[PDB]
>>> print(open('upload.csv').read())   # CSV, C-alpha atoms
chain,number,residue,atom,x,y,z
A,1,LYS,CA,11.9,-9.9,41.4
A,2,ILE,CA,10.1,-12.8,39.7
A,3,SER,CA,10.6,-11.2,36.3
A,4,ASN,CA,14.3,-10.4,37.1
A,5,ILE,CA,14.1,-7.9,34.2
A,6,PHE,CA,12.0,-5.2,35.9
A,7,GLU,CA,15.1,-4.2,37.9
A,8,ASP,CA,16.9,-1.0,36.7
A,9,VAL,CA,15.3,1.2,34.1
A,10,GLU,CA,13.2,3.6,36.2
A,11,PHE,CA,9.6,3.4,35.2
A,12,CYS,CA,7.4,6.5,35.4
A,13,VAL,CA,4.0,4.8,36.2
A,14,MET,CA,1.6,7.8,36.0
A,15,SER,CA,-0.5,7.3,32.9
A,16,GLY,CA,-2.1,3.9,32.6
A,17,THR,CA,-5.8,4.7,32.6
A,18,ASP,CA,-6.7,3.8,29.0
A,19,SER,CA,-9.0,1.0,30.0
A,20,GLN,CA,-7.2,-0.6,33.0
A,21,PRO,CA,-6.9,1.3,36.2
A,22,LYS,CA,-3.7,2.7,37.7
A,23,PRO,CA,-2.9,0.6,40.8
A,24,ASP,CA,-2.9,-2.9,39.3
A,25,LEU,CA,-0.2,-2.0,36.9
A,26,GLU,CA,2.3,-0.8,39.6
A,27,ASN,CA,1.3,-3.7,41.9
A,28,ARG,CA,2.2,-6.1,39.2
A,29,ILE,CA,5.4,-4.1,38.5
A,30,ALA,CA,6.4,-4.4,42.1
A,31,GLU,CA,5.6,-8.1,42.1
A,32,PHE,CA,7.9,-8.3,39.1
A,33,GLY,CA,10.4,-6.1,40.9
A,34,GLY,CA,10.2,-2.9,39.1
A,35,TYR,CA,11.0,0.8,39.8
A,36,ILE,CA,8.2,3.2,40.7
A,37,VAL,CA,8.0,6.9,40.1
A,38,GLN,CA,5.4,9.4,38.8
A,39,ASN,CA,7.7,12.1,37.5
A,40,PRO,CA,10.7,12.3,35.1
A,41,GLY,CA,14.1,11.5,36.5
A,42,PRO,CA,17.7,11.0,35.4
A,43,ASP,CA,17.4,7.2,35.9
A,44,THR,CA,13.9,7.2,34.2
A,45,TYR,CA,14.7,5.6,30.9
A,46,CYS,CA,11.1,5.1,29.9
A,47,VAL,CA,7.8,6.7,30.8
A,48,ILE,CA,4.5,4.9,30.4
A,49,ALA,CA,1.6,6.7,28.9
A,50,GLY,CA,-2.1,5.7,28.9
A,51,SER,CA,-4.5,8.6,28.2
A,52,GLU,CA,-3.1,11.5,26.4
A,53,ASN,CA,-3.3,15.0,27.8
A,54,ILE,CA,-1.3,18.1,28.8
A,55,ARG,CA,1.5,16.2,30.5
A,56,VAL,CA,2.1,14.6,27.1
A,57,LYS,CA,2.2,18.1,25.7
A,58,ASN,CA,4.8,19.1,28.3
A,59,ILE,CA,7.0,16.0,27.7
A,60,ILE,CA,6.7,16.9,24.0
A,61,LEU,CA,7.8,20.5,24.5
A,62,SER,CA,10.2,19.4,27.3
A,63,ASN,CA,11.6,16.5,25.4
A,64,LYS,CA,13.1,14.8,28.5
A,65,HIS,CA,11.3,11.4,27.8
A,66,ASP,CA,9.1,9.5,25.4
A,67,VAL,CA,5.6,8.1,25.2
A,68,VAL,CA,5.2,4.4,26.0
A,69,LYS,CA,1.8,2.7,25.5
A,70,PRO,CA,0.7,0.1,28.1
A,71,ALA,CA,0.4,-2.6,25.5
A,72,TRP,CA,4.1,-3.2,25.7
A,73,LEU,CA,3.9,-3.5,29.5
A,74,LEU,CA,1.0,-5.9,29.2
A,75,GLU,CA,3.0,-8.0,26.7
A,76,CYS,CA,5.9,-8.0,29.1
A,77,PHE,CA,3.7,-9.0,32.0
A,78,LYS,CA,1.9,-11.9,30.2
A,79,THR,CA,5.0,-13.3,28.5
A,80,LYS,CA,7.5,-12.7,31.4
A,81,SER,CA,9.8,-11.2,28.9
A,82,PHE,CA,11.4,-7.9,27.9
A,83,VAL,CA,9.7,-7.0,24.7
A,84,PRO,CA,12.0,-4.7,22.6
A,85,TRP,CA,11.3,-1.2,21.5
A,86,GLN,CA,9.5,-0.8,18.1
A,87,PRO,CA,7.4,2.1,16.7
A,88,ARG,CA,4.0,0.8,17.6
A,89,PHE,CA,3.8,1.9,21.3
A,90,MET,CA,5.7,5.2,20.7
A,91,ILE,CA,3.9,8.5,20.2
A,92,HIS,CA,6.5,11.0,21.5
A,93,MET,CA,10.1,10.1,21.7
A,94,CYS,CA,13.5,11.7,22.5
A,95,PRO,CA,15.9,12.7,19.7
A,96,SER,CA,18.3,10.1,20.9
A,97,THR,CA,15.5,7.5,20.4
A,98,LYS,CA,15.0,9.1,17.0
A,99,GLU,CA,18.5,8.1,15.9
A,100,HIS,CA,17.9,4.8,17.7
A,101,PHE,CA,15.0,4.4,15.2
A,102,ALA,CA,17.3,5.6,12.5
A,103,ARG,CA,19.0,2.2,13.0
A,104,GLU,CA,15.7,0.4,12.3
A,105,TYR,CA,15.1,2.0,8.9
A,106,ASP,CA,14.6,5.8,9.5
A,107,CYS,CA,11.7,5.9,12.0
A,108,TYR,CA,9.2,3.3,10.9
A,109,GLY,CA,10.8,0.2,12.4
A,110,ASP,CA,12.8,-2.2,10.4
A,111,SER,CA,14.3,-4.6,12.9
A,112,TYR,CA,17.6,-6.2,11.7
A,113,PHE,CA,17.4,-8.9,14.4
A,114,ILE,CA,13.7,-9.8,13.8
A,115,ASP,CA,12.7,-10.1,10.2
A,116,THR,CA,9.7,-8.3,8.7
A,117,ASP,CA,6.4,-10.4,8.5
A,118,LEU,CA,2.8,-9.9,7.6
A,119,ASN,CA,1.8,-8.3,11.0
A,120,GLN,CA,4.5,-5.7,11.0
A,121,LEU,CA,4.1,-4.7,7.3
A,122,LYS,CA,0.3,-4.7,7.3
A,123,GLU,CA,-0.1,-2.7,10.5
A,124,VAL,CA,2.6,-0.2,9.6
A,125,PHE,CA,0.9,0.3,6.3
A,126,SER,CA,-2.5,0.7,8.0
A,127,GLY,CA,-0.9,3.2,10.5
A,128,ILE,CA,1.0,5.2,8.0
A,129,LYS,CA,-1.1,8.0,6.3
A,130,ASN,CA,-1.9,8.2,2.6
A,131,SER,CA,0.7,8.8,-0.1
A,132,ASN,CA,-1.9,9.1,-2.9
A,133,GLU,CA,-1.5,12.9,-3.2
A,134,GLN,CA,-0.3,13.8,-6.7
A,135,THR,CA,-1.7,12.9,-10.1
A,136,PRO,CA,-2.4,9.1,-10.4
A,137,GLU,CA,-1.0,8.8,-13.9
A,138,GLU,CA,2.6,9.8,-13.3
A,139,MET,CA,2.8,8.0,-10.0
A,140,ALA,CA,1.3,4.8,-11.5
A,141,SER,CA,3.6,5.1,-14.5
A,142,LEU,CA,6.6,5.3,-12.1
A,143,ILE,CA,5.2,2.2,-10.3
A,144,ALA,CA,4.9,0.5,-13.7
A,145,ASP,CA,8.6,1.3,-14.6
A,146,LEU,CA,9.9,0.1,-11.2
A,147,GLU,CA,7.8,-3.0,-11.7
A,148,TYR,CA,9.3,-3.6,-15.1
A,149,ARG,CA,12.8,-3.2,-13.6
A,150,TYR,CA,12.0,-5.9,-11.1
A,151,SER,CA,9.4,-8.0,-13.1
A,152,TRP,CA,6.6,-7.3,-10.6
A,153,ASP,CA,3.7,-7.6,-13.1
A,154,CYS,CA,1.8,-10.3,-11.2
A,155,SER,CA,-1.7,-9.0,-10.6
A,156,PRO,CA,-4.4,-11.7,-10.7
A,157,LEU,CA,-6.4,-9.6,-13.2
A,158,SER,CA,-4.4,-8.1,-16.0
A,159,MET,CA,-6.3,-5.5,-18.1
A,160,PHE,CA,-5.7,-2.0,-16.6
A,161,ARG,CA,-3.1,-0.6,-14.1
A,162,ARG,CA,0.6,-1.2,-14.5
A,163,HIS,CA,1.5,-4.2,-16.6
A,164,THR,CA,3.0,-2.7,-19.8
A,165,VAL,CA,-0.2,-3.2,-21.7
A,166,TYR,CA,-2.6,-0.6,-23.1
A,167,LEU,CA,-6.3,-0.8,-24.0
A,168,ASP,CA,-8.0,1.7,-26.2
A,169,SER,CA,-11.2,3.3,-24.8
A,170,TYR,CA,-12.4,5.7,-27.5
A,171,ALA,CA,-13.7,5.1,-31.1
A,172,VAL,CA,-12.2,8.4,-32.1
A,173,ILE,CA,-9.9,10.6,-30.0
A,174,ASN,CA,-12.5,13.1,-28.9
A,175,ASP,CA,-14.8,14.1,-26.1
A,176,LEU,CA,-16.7,10.8,-26.1
A,177,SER,CA,-18.8,12.0,-29.1
A,178,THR,CA,-18.8,8.7,-30.9
A,179,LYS,CA,-20.2,6.9,-27.8
A,180,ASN,CA,-23.7,8.5,-28.3
A,181,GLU,CA,-25.5,6.3,-25.8
A,182,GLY,CA,-25.1,2.8,-27.3
A,183,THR,CA,-21.5,2.0,-28.0
A,184,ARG,CA,-19.2,0.3,-25.4
A,185,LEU,CA,-17.1,3.4,-24.8
A,186,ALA,CA,-18.6,4.1,-21.3
A,187,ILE,CA,-17.8,0.5,-20.2
A,188,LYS,CA,-14.2,0.9,-21.4
A,189,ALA,CA,-13.9,4.1,-19.5
A,190,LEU,CA,-15.2,2.4,-16.4
A,191,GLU,CA,-12.9,-0.6,-17.0
A,192,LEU,CA,-9.6,1.2,-16.3
A,193,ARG,CA,-10.0,0.8,-12.6
A,194,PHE,CA,-8.8,-2.5,-11.0
A,195,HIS,CA,-6.9,-4.9,-13.3
A,196,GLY,CA,-3.3,-4.9,-14.6
A,197,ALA,CA,-2.1,-3.0,-17.6
A,198,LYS,CA,0.0,0.2,-18.0
A,199,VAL,CA,-2.4,3.0,-17.3
A,200,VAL,CA,-2.9,4.9,-20.6
A,201,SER,CA,-6.3,6.2,-21.5
A,202,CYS,CA,-5.3,6.7,-25.1
A,203,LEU,CA,-2.3,7.1,-27.4
A,204,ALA,CA,0.3,4.8,-25.8
A,205,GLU,CA,3.6,5.1,-27.7
A,206,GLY,CA,5.6,2.8,-25.5
A,207,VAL,CA,3.6,-0.4,-26.5
A,208,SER,CA,3.9,-1.7,-30.1
A,209,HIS,CA,0.9,-4.1,-29.6
A,210,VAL,CA,-2.6,-3.0,-30.4
A,211,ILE,CA,-5.5,-4.7,-28.7
A,212,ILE,CA,-9.2,-4.5,-29.7
A,213,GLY,CA,-11.7,-3.7,-27.0
A,214,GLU,CA,-15.3,-4.9,-26.7
A,215,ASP,CA,-16.2,-2.3,-29.4
A,216,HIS,CA,-15.6,-4.2,-32.6
A,217,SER,CA,-17.2,-1.3,-34.5
A,218,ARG,CA,-13.9,0.6,-34.1
A,219,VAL,CA,-12.2,-1.6,-36.7
A,220,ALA,CA,-12.5,1.2,-39.3
A,221,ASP,CA,-11.5,3.6,-36.5
A,222,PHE,CA,-8.5,1.4,-35.6
A,223,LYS,CA,-7.4,1.2,-39.3
A,224,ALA,CA,-7.7,5.0,-39.5
A,225,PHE,CA,-5.6,5.3,-36.4
A,226,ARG,CA,-3.1,2.9,-38.0
A,227,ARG,CA,-2.9,5.0,-41.1
A,228,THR,CA,-2.6,8.2,-39.1
A,229,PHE,CA,0.0,6.8,-36.7
A,230,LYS,CA,3.1,4.6,-37.0
A,231,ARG,CA,1.8,1.8,-34.8
A,232,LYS,CA,0.5,-1.3,-36.4
A,233,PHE,CA,-3.2,-1.9,-35.6
A,234,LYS,CA,-4.3,-5.5,-35.8
A,235,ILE,CA,-7.8,-6.9,-35.2
A,236,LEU,CA,-8.8,-9.6,-32.7
A,237,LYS,CA,-11.4,-12.3,-32.9
A,238,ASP,CA,-4.1,-13.0,-20.8
A,239,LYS,CA,-7.3,-11.2,-20.0
A,240,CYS,CA,-9.8,-14.1,-20.0
A,241,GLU,CA,-12.0,-12.1,-22.5
A,242,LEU,CA,-12.1,-11.4,-26.2
A,243,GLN,CA,-9.1,-9.0,-25.6
A,244,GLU,CA,-5.9,-10.9,-26.0
A,245,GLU,CA,-2.5,-10.9,-27.8
A,246,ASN,CA,-1.0,-13.5,-30.1
B,1,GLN,CA,-40.0,-0.3,-20.4
B,2,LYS,CA,-40.2,-0.9,-16.6
B,3,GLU,CA,-37.6,-3.6,-16.7
B,4,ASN,CA,-35.1,-1.4,-18.6
B,5,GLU,CA,-35.7,1.5,-16.3
B,6,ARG,CA,-34.8,-0.7,-13.3
B,7,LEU,CA,-31.7,-2.2,-14.8
B,8,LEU,CA,-30.5,1.2,-16.0
B,9,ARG,CA,-30.7,2.2,-12.4
B,10,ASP,CA,-29.1,-1.1,-11.5
B,11,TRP,CA,-26.3,-0.4,-13.9
B,12,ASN,CA,-25.8,3.1,-12.4
B,13,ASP,CA,-26.0,1.6,-8.9
B,14,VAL,CA,-23.4,-1.0,-9.7
B,15,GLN,CA,-21.4,1.6,-11.4
B,16,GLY,CA,-21.6,3.6,-8.2
B,17,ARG,CA,-21.0,0.3,-6.3
B,18,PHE,CA,-18.0,-0.6,-8.5
B,19,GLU,CA,-16.5,2.8,-8.3
B,20,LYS,CA,-16.9,3.4,-4.5
B,21,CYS,CA,-15.2,0.2,-3.4
B,22,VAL,CA,-12.5,0.3,-6.1
B,23,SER,CA,-11.6,3.9,-5.5
B,24,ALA,CA,-10.4,2.8,-2.0
B,25,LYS,CA,-8.5,-0.1,-3.6
B,26,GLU,CA,-6.0,1.7,-5.9
B,27,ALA,CA,-5.7,4.5,-3.3
B,28,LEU,CA,-4.6,2.0,-0.8
B,29,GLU,CA,-2.6,0.0,-3.4
B,30,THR,CA,-0.7,3.1,-4.7
B,31,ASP,CA,-0.2,4.1,-1.0
B,32,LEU,CA,1.7,0.8,-0.3
B,33,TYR,CA,3.7,1.2,-3.5
B,34,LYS,CA,4.7,4.8,-2.6
B,35,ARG,CA,5.3,4.2,1.1
B,36,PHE,CA,7.6,1.3,0.1
B,37,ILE,CA,9.6,2.9,-2.7
B,38,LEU,CA,10.9,5.6,-0.3
B,39,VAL,CA,12.1,2.8,1.9
B,40,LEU,CA,13.4,0.9,-1.2
B,41,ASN,CA,15.2,4.0,-2.7
B,42,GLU,CA,16.8,5.0,0.6
B,43,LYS,CA,17.7,1.6,2.0
B,44,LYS,CA,19.9,0.7,-0.9
B,45,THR,CA,21.2,4.4,-0.9
B,46,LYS,CA,23.0,3.8,2.4
B,47,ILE,CA,23.9,0.3,1.2
B,48,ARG,CA,25.8,1.6,-1.8
B,49,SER,CA,27.2,4.5,0.3
B,50,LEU,CA,28.4,2.5,3.4
B,51,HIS,CA,29.9,0.0,1.0
B,52,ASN,CA,32.2,2.8,-0.1
B,53,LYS,CA,33.4,3.4,3.4
B,54,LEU,CA,34.3,-0.3,3.6
B,55,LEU,CA,37.0,-0.2,0.9
B,56,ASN,CA,38.8,2.5,2.8
B,57,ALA,CA,39.3,0.1,5.7
C,1,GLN,CA,-33.9,-3.1,-27.2
C,2,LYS,CA,-30.5,-2.1,-28.5
C,3,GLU,CA,-30.0,0.2,-25.5
C,4,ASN,CA,-31.3,-2.5,-23.2
C,5,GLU,CA,-29.1,-5.1,-25.0
C,6,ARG,CA,-26.2,-2.7,-24.4
C,7,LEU,CA,-27.4,-2.1,-20.8
C,8,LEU,CA,-27.7,-5.8,-20.1
C,9,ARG,CA,-24.2,-6.3,-21.4
C,10,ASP,CA,-23.3,-3.1,-19.5
C,11,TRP,CA,-24.7,-4.4,-16.3
C,12,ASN,CA,-23.2,-7.9,-16.8
C,13,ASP,CA,-19.8,-6.4,-17.6
C,14,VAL,CA,-19.8,-4.3,-14.4
C,15,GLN,CA,-21.3,-7.1,-12.3
C,16,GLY,CA,-18.6,-9.4,-13.6
C,17,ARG,CA,-16.0,-6.7,-13.0
C,18,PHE,CA,-17.3,-5.8,-9.5
C,19,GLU,CA,-17.0,-9.4,-8.3
C,20,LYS,CA,-13.4,-9.9,-9.6
C,21,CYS,CA,-12.1,-6.5,-8.5
C,22,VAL,CA,-13.2,-6.9,-4.9
C,23,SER,CA,-11.7,-10.4,-4.7
C,24,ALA,CA,-8.4,-9.3,-6.4
C,25,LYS,CA,-7.9,-6.6,-3.8
C,26,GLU,CA,-7.6,-9.1,-1.0
C,27,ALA,CA,-5.0,-11.0,-3.1
C,28,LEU,CA,-3.3,-7.8,-4.3
C,29,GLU,CA,-2.9,-6.5,-0.8
C,30,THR,CA,-1.1,-9.7,0.1
C,31,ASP,CA,0.7,-9.5,-3.2
C,32,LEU,CA,1.9,-6.0,-2.2
C,33,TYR,CA,2.9,-7.4,1.1
C,34,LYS,CA,5.0,-10.3,-0.3
C,35,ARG,CA,7.0,-8.1,-2.7
C,36,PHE,CA,7.9,-5.7,0.1
C,37,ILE,CA,9.0,-8.1,2.9
C,38,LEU,CA,11.4,-9.9,0.5
C,39,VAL,CA,12.8,-6.5,-0.6
C,40,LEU,CA,13.2,-5.5,3.1
C,41,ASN,CA,14.9,-8.9,3.6
C,42,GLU,CA,17.0,-8.6,0.4
C,43,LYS,CA,18.0,-5.1,1.6
C,44,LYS,CA,18.6,-6.7,5.0
C,45,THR,CA,20.8,-9.3,3.4
C,46,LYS,CA,23.0,-6.5,2.0
C,47,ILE,CA,22.7,-4.9,5.4
C,48,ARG,CA,23.8,-8.3,6.7
C,49,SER,CA,26.4,-8.3,4.0
C,50,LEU,CA,28.0,-5.1,5.3
C,51,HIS,CA,27.8,-5.8,9.0
C,52,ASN,CA,30.2,-8.8,9.0
C,53,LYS,CA,32.7,-7.3,6.6
C,54,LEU,CA,33.0,-4.1,8.5
C,55,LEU,CA,33.6,-6.3,11.6
C,56,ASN,CA,37.2,-6.7,10.3
C,57,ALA,CA,39.4,-4.2,8.4
>>> encode(input="upload.csv", output="structure tokens")
Amino acid sequence: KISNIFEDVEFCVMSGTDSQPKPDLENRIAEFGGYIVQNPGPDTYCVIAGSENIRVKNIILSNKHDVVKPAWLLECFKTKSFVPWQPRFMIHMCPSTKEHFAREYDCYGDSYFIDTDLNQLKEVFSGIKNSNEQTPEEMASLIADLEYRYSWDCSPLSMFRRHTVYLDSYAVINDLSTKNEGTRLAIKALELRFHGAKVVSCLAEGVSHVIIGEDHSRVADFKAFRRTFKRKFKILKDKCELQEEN
Amino acid sequence: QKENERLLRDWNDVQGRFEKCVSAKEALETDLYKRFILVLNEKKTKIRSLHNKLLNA
Amino acid sequence: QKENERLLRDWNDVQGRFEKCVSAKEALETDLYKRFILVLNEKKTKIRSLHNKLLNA
């Protein structure tokens, strides 16, 4: 009607009780000139879904339709526009819609007509579950390597993470024996958390530079490591601290 | 003695405070890195593949 | 006093580290966001590269 877009595309207005009631939605749809039904049909291209219950389970098992959240309909109402289909107001979907989303990226939503922005990326990252499931060391090293391939070492703090830099944390390579409640080994152990430098607790063979931590008493230990290794250990005097490289 | 006892607890509290907030930082940071690389690795995968079906035409 | 001097330096190091790590997370989250949208765009450019050249044969 006034929308001129609500024509065609049978709408299954039966689940819109999230916070708004049922009738107002279909009254506004009819004002906009939209189709009304409360059951799946051959012309029913989309089915709205508010609260989630056994009918959603049926449409999941009987995959005749999809799940459409009322936010898209509210956006269409307030803007007088046909908002496209993106994976934020989908829960259940048809397989044909699954390869429709395969056009986007795979199923996450990568519109080739509308570029990615802060909102899309931030909210899909918030929505998508955790990927931190395996050992942090190997995954962080892979992140480091792909960063070095693309020169992505741009963290505001650069002392421990993935920035092709390594910081020693032990006086001798042991079970924190030389710490003995009074050296700076515990602080160095606690320092590997949120900075930027390739995550290696000890014995980094991929970095030729040796940096000296806050423990300046390891200079004899550093020289012993230099004698026992093939890496050149040099004493100090991009980290905004006494730890630096010349 | 009393002042060192409190700041030893304060050091342990801030160690707990530093660890608890930061543990959610890398876990989210390494989530974004891993959620993205699968998109990165596979987007260019069809890019180099579909480019091969170009030169046939 | 040596333990306290360590602990005072311990507390100050973590207190200085706690402040900068919480602040850097807000930047790093946006930093993660910047490097991914450009990649999605740069992949989209080579998606846009293939669409117009498969238009013709």
>>> atom_distance(input="upload.csv", atom1="CA of residue 135 (chain A)", atom2="CA of residue 183 (chain A)")
28.8 Å
>>> residues_near_point(input="upload.csv", point="(-28.9, -5.2, -22.0)", cutoff="12 Å", atoms="all atoms listed in the file", output="VMD selection string")
(chain A and resid 182 to 184) or (chain B and resid 3 to 8 10 to 11) or (chain C and resid 1 to 14)
>>> residues_around(input="upload.csv", residues="region 16-30 of chain C", least_positions_apart="5", cutoff="12 Å", atoms="only C-alpha atoms", output="ChimeraX atom specification")
/A:117-119,121-122,125-126,152-160,187-188,190-196,240-241 /B:11,13-33 /C:8-11,35-37
>>> calpha_fit_and_write(input="upload.csv", fixed="chain C", moving="chain B", output="mmCIF file with C-alpha atoms, in the frame of the given file")
data_model
loop_
_atom_site.group_PDB
_atom_site.id
_atom_site.type_symbol
_atom_site.label_atom_id
_atom_site.label_comp_id
_atom_site.auth_asym_id
_atom_site.auth_seq_id
_atom_site.Cartn_x
_atom_site.Cartn_y
_atom_site.Cartn_z
ATOM 1 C CA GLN B 1 -36.837 0.388 -23.510
ATOM 2 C CA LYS B 2 -35.863 -3.290 -24.112
ATOM 3 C CA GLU B 3 -32.479 -2.372 -25.440
ATOM 4 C CA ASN B 4 -31.653 -0.193 -22.395
ATOM 5 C CA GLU B 5 -32.845 -2.834 -20.015
ATOM 6 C CA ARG B 6 -30.427 -5.344 -21.597
ATOM 7 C CA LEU B 7 -27.436 -3.071 -21.637
ATOM 8 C CA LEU B 8 -28.086 -1.969 -18.059
ATOM 9 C CA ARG B 9 -27.826 -5.605 -17.216
ATOM 10 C CA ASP B 10 -24.832 -5.818 -19.507
ATOM 11 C CA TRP B 11 -23.236 -2.946 -17.693
ATOM 12 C CA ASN B 12 -23.902 -4.628 -14.306
ATOM 13 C CA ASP B 13 -22.623 -7.929 -15.722
ATOM 14 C CA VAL B 14 -19.447 -6.340 -16.965
ATOM 15 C CA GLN B 15 -19.179 -4.502 -13.772
ATOM 16 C CA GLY B 16 -19.431 -7.845 -12.027
ATOM 17 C CA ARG B 17 -17.078 -9.247 -14.740
ATOM 18 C CA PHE B 18 -14.591 -6.373 -14.285
ATOM 19 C CA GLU B 19 -14.646 -6.565 -10.569
ATOM 20 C CA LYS B 20 -14.348 -10.401 -10.171
ATOM 21 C CA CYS B 21 -11.261 -10.796 -12.328
ATOM 22 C CA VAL B 22 -9.573 -7.597 -11.101
ATOM 23 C CA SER B 23 -10.143 -8.328 -7.458
ATOM 24 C CA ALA B 24 -7.802 -11.363 -7.915
ATOM 25 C CA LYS B 25 -5.304 -9.120 -9.734
ATOM 26 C CA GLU B 26 -4.406 -6.515 -7.053
ATOM 27 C CA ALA B 27 -4.696 -9.242 -4.376
ATOM 28 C CA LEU B 28 -2.095 -11.195 -6.148
ATOM 29 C CA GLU B 29 -0.122 -8.044 -7.118
ATOM 30 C CA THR B 30 -0.056 -6.664 -3.512
ATOM 31 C CA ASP B 31 0.842 -10.246 -2.368
ATOM 32 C CA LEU B 32 4.051 -10.200 -4.533
ATOM 33 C CA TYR B 33 4.882 -6.695 -3.338
ATOM 34 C CA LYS B 34 4.470 -7.695 0.350
ATOM 35 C CA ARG B 35 6.123 -11.102 0.090
ATOM 36 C CA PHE B 36 9.114 -9.356 -1.554
ATOM 37 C CA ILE B 37 9.539 -6.354 0.728
ATOM 38 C CA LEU B 38 10.121 -8.661 3.742
ATOM 39 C CA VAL B 39 12.863 -10.271 1.740
ATOM 40 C CA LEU B 40 14.062 -6.797 0.557
ATOM 41 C CA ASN B 41 13.993 -5.244 4.119
ATOM 42 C CA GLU B 42 15.761 -8.198 5.730
ATOM 43 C CA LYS B 43 18.301 -9.040 3.052
ATOM 44 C CA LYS B 44 19.920 -5.659 3.160
ATOM 45 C CA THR B 45 19.517 -5.730 7.060
ATOM 46 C CA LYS B 46 22.128 -8.488 7.311
ATOM 47 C CA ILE B 47 24.094 -6.794 4.525
ATOM 48 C CA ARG B 48 24.508 -3.591 6.492
ATOM 49 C CA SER B 49 25.024 -5.603 9.726
ATOM 50 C CA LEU B 50 27.645 -8.165 8.454
ATOM 51 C CA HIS B 51 29.436 -5.270 6.819
ATOM 52 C CA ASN B 52 30.026 -3.969 10.326
ATOM 53 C CA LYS B 53 31.657 -7.166 11.407
ATOM 54 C CA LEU B 54 34.038 -6.813 8.449
ATOM 55 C CA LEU B 55 35.726 -3.613 9.676
ATOM 56 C CA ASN B 56 36.628 -5.326 12.900
ATOM 57 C CA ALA B 57 38.755 -7.806 10.965
#
>>> atom_distance(input="upload.csv", atom1="CA of residue 51 (chain B)", atom2="CA of residue 84 (chain A)")
28.4 Å
>>> closest_residue(input="upload.csv", among="A:39, A:208, A:3, A:130", to="chain B", atoms="all atoms listed in the file")
A:130
>>> atom_distance(input="upload.csv", atom1="CA of residue 189 (chain A)", atom2="CA of residue 168 (chain A)")
9.2 Å
>>> residues_around(input="upload.csv", residues="residue 223 (chain A)", least_positions_apart="3", cutoff="10 Å", atoms="all atoms listed in the file", output="MDAnalysis selection string")
chainID A and resid 218:220 226:229 232:235
>>> residues_around(input="upload.csv", residues="residue 39 (chain B)", least_positions_apart="5", cutoff="9 Å", atoms="all atoms listed in the file", output="ChimeraX atom specification")
/A:105-106 /B:34,44 /C:40
>>> residues_around(input="upload.csv", residues="residue 91 (chain A)", least_positions_apart="6", cutoff="12 Å", atoms="all atoms listed in the file", output="list in words")
residues 47, 48, 49, 50, 51, 52, 56, 57, 59, 60, 65, 66, 67, 68, 69, 70, 97, 98, 107 and 108 of chain A
>>> residues_around(input="upload.csv", residues="residue 57 (chain B)", least_positions_apart="6", cutoff="12 Å", atoms="only C-alpha atoms", output="list in words")
residues 50 and 51 of chain B; 53, 54, 55, 56 and 57 of chain C
>>> closest_residue(input="upload.csv", among="A:38, A:63, A:246, A:111", to="residue 209 (chain A)", atoms="only C-alpha atoms")
A:246
>>> decode(input="upload.csv", residues="region 29-40 of chain C", atoms="N, CA and C atoms", output="mmCIF file, in the first residue's frame")
data_model
loop_
_atom_site.group_PDB
_atom_site.id
_atom_site.type_symbol
_atom_site.label_atom_id
_atom_site.label_comp_id
_atom_site.auth_asym_id
_atom_site.auth_seq_id
_atom_site.Cartn_x
_atom_site.Cartn_y
_atom_site.Cartn_z
ATOM 1 N N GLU C 29 41.210 -3.909 20.288
ATOM 2 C CA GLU C 29 39.950 -4.384 19.726
ATOM 3 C C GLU C 29 39.599 -3.625 18.456
ATOM 4 N N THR C 30 39.762 -2.301 18.472
ATOM 5 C CA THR C 30 39.594 -1.523 17.250
ATOM 6 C C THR C 30 40.707 -1.825 16.257
ATOM 7 N N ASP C 31 41.930 -2.039 16.753
ATOM 8 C CA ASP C 31 43.040 -2.400 15.876
ATOM 9 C C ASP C 31 42.763 -3.722 15.174
ATOM 10 N N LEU C 32 42.221 -4.698 15.907
ATOM 11 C CA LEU C 32 41.791 -5.942 15.281
ATOM 12 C C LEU C 32 40.690 -5.686 14.262
ATOM 13 N N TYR C 33 39.801 -4.735 14.552
ATOM 14 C CA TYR C 33 38.688 -4.462 13.650
ATOM 15 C C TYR C 33 39.161 -3.804 12.360
ATOM 16 N N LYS C 34 40.169 -2.932 12.445
ATOM 17 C CA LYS C 34 40.666 -2.258 11.249
ATOM 18 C C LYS C 34 41.318 -3.242 10.285
ATOM 19 N N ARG C 35 42.189 -4.116 10.796
ATOM 20 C CA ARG C 35 42.936 -5.015 9.923
ATOM 21 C C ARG C 35 42.057 -6.088 9.295
ATOM 22 N N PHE C 36 40.829 -6.262 9.778
ATOM 23 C CA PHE C 36 39.957 -7.289 9.223
ATOM 24 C C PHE C 36 39.025 -6.732 8.155
ATOM 25 N N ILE C 37 38.520 -5.508 8.345
ATOM 26 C CA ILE C 37 37.620 -4.920 7.358
ATOM 27 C C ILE C 37 38.365 -4.608 6.066
ATOM 28 N N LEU C 38 39.620 -4.160 6.168
ATOM 29 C CA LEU C 38 40.404 -3.918 4.961
ATOM 30 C C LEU C 38 40.687 -5.220 4.226
ATOM 31 N N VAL C 39 40.954 -6.295 4.969
ATOM 32 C CA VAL C 39 41.164 -7.595 4.343
ATOM 33 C C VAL C 39 39.886 -8.072 3.667
ATOM 34 N N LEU C 40 38.752 -7.959 4.364
ATOM 35 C CA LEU C 40 37.477 -8.297 3.744
ATOM 36 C C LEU C 40 37.227 -7.432 2.519
#
